[PDB]
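**Q** Got a sequence here, can you model it:
(2 chains)
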Amino acid sequence: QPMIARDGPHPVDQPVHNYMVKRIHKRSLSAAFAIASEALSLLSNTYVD
Amino acid sequence: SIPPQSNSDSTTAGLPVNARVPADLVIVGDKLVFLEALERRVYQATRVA
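**A** Numbers count the residues shown, from 1 in each chain, chains lettered A, B, ... in the order given. Please find the structure below.
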């Protein structure tokens, strides 16, 4: 932070440095996707059909 | 020869240089005045009123 000099019955100020620490917050995203059992039987023929 | 004038004979050395400064100027009446509302340059983020 900056500083300003003044006189009179005011205390002499000295500059102030600040230190701050923030932290992360974990979220997610989810989505579903379904395959029918007939389609699984069709795609797992293994050279029969 | 005593004219009332600035005069100031001799008076060696000096620095006649002008610099270009961004500031806003307005016309009121006939006079050309500066319009300064210095609150961001000075008195910002310091503990003085």
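**Q** Spell out which residues of chain A are next to chain B.
**A** A:1, A:2, A:3, A:4, A:6, A:13 (C-beta under 8 Å from any C-beta of the partner chain). To be clear about C-beta, it is placed using only N, CA and C from the backbone, and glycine gets the same treatment.
**Q** Report the two of these separated the most.
**A** The distance between the two most remote of the residues of chain A next to chain B (C-beta to C-beta) is 15.8 Å, for A:1 and A:6.
**Q** Enumerate the residues of chain B near chain A.
**A** So chain B meets chain A at B:42, B:43, B:44, B:45, B:46, B:47, B:48 (C-beta under 8 Å from any C-beta).
**Q** Nearest the geometric middle of chain B, what residue?
**A** Centroid-nearest residue in chain B, with C-alpha atoms, centre = their mean: residue B:34, separated by 8.9 Å.
**Q** Check whether residue B:44 really touches residue A:2, as I assumed.
**A** Yes. Using C-beta atoms under 8 Å, residue B:44 is in contact with residue A:2, at 7.5 Å.
**Q** Who are the contact partners of residue 45?
**A** Since no chain was named, I'll use chain A. Applying C-beta atoms under 8 Å, 6 or more residues apart in numbering or on different chains to residue A:45 gives no contacts.
**Q** Please refer instead to chain B.
**A** A:1, A:2.
**Q** same question, the one 3 residues further on
**A** Remark: with contacts taken as C-beta under 8 Å, 6+ apart, residue B:48 is in contact with A:4, A:6, A:13.
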